[PDB]
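Throughout, residue positions are numbered sequentially from 1 according to the sequence presented.
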Amino acid sequence: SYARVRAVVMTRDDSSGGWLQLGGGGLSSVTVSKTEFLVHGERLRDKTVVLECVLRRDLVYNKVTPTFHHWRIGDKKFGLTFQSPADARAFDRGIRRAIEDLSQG
């Protein structure tokens with residue numbers, strides 16, 4: 001994998017800019033992997049897949065804080081609360097590396 005962290009998958013709520021823990025939270029094992037480049041989040045407690053995001057070259061990625069990043073592909077929005085700044089940095093690096101490999105021209 002390009003990155004693997006245990007993080008809380010996030011989703012937008014009905015406020016103008018706020019985020020909630022998807023499904024009420026708990027940790028998921030979130031992997032960025034490689035051709036398709038995927039962000040995959042599997043909830044630890046029951047192995048439910050709660051994040052399945054195929055990466056595209058044009059994504060928008062927002063490091064809102066050192067432990068909260070979100071990204072957008074088209075109008076689809078995904079985010080993570082990380083357990084540490086180190087994890088967030090590793091995840092961001094992995095996304096960037098995946099996009100480097102995806103991009104071919």
Mutual orientation of the aromatic rings belonging to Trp71 and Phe91 [parallel < 30°, tilted 30-60°, perpendicular > 60°]: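 Ring orientation of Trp71 relative to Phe91: tilted.
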
Is there side-chain contact between [X] and [Y], with heavy atoms separated by less than 4.5 Å?
X	Y	value
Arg4	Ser29	yes
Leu27	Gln83	yes
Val39	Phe78	no
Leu38	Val32	no
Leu80	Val8	no
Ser28	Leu51	no

Separation between [atom1] of [X] and [atom2] of [Y], rounded to the nearest 0.5 Å:
X	Y	atom1	atom2	result
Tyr2	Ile99	OH	CD1	9.5 Å
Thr31	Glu42	OG1	CD	8.0 Å
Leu102	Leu55	CG	CG	7.5 Å
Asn62	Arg72	CG	CZ	9.5 Å
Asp87	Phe82	CG	CZ	7.5 Å

Any residue meeting side-chain contact (heavy atoms from CB on, under 4.5 Å) with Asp13, in chain and number order, not counting sequence neighbours: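 In terms of side-chain contact (heavy atoms from CB on, under 4.5 Å), with neighbours along the sequence ignored, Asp13 is linked to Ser15, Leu20.
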
Audit row: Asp92, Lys63, side chain to side chain contact (heavy atoms under 4.5 Å, CB included) steps and yes/no: CA-CA 8 Å; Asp92 171 41; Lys63 299 187 296 304; 3.5 Å; yes

Stepwise side chain to side chain contact (heavy atoms under 4.5 Å, CB included) test for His40 and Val49: CA-CA 7 Å; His40 174 71; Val49 180; 3.3 Å; yes

Give me the atom names and distance for the closest heavy-atom approach of [X] to [Y].
X	Y	answer
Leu22	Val50	CD1-O, 3.5 Å
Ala3	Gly94	CB-CA, 4.3 Å
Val54	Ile73	O-CD1, 3.5 Å
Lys77	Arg12	CD-CG, 4.2 Å

Check: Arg57/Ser103 side-chain N/O donor and acceptor closer than 3.5 Å: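 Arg57 vs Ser103: no donor-acceptor pair found between side chains.
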
CA sep, side-chain torsions, deciding dist, call: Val64, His70, side chain to side chain contact (heavy atoms under 4.5 Å, CB included): CA-CA 7 Å; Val64 177; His70 67 67; 3.5 Å; yes

Basic-acidic side-chain contact under 4.0 Å: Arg43, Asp46: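 Answer for the salt bridge query: yes.
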
Side chain to side chain contact (heavy atoms under 4.5 Å, CB included) assessment of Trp19 paired with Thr81: CA-CA 10 Å; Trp19 294 77; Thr81 297; over 6 Å; no

Set of residues satisfying side chain to side chain donor-acceptor pair (under 3.5 Å) with respect to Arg6, sequence neighbours excluded: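 Once residues adjacent in sequence are excluded, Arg6 has no partner under the side chain to side chain donor-acceptor pair (under 3.5 Å) criterion.
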
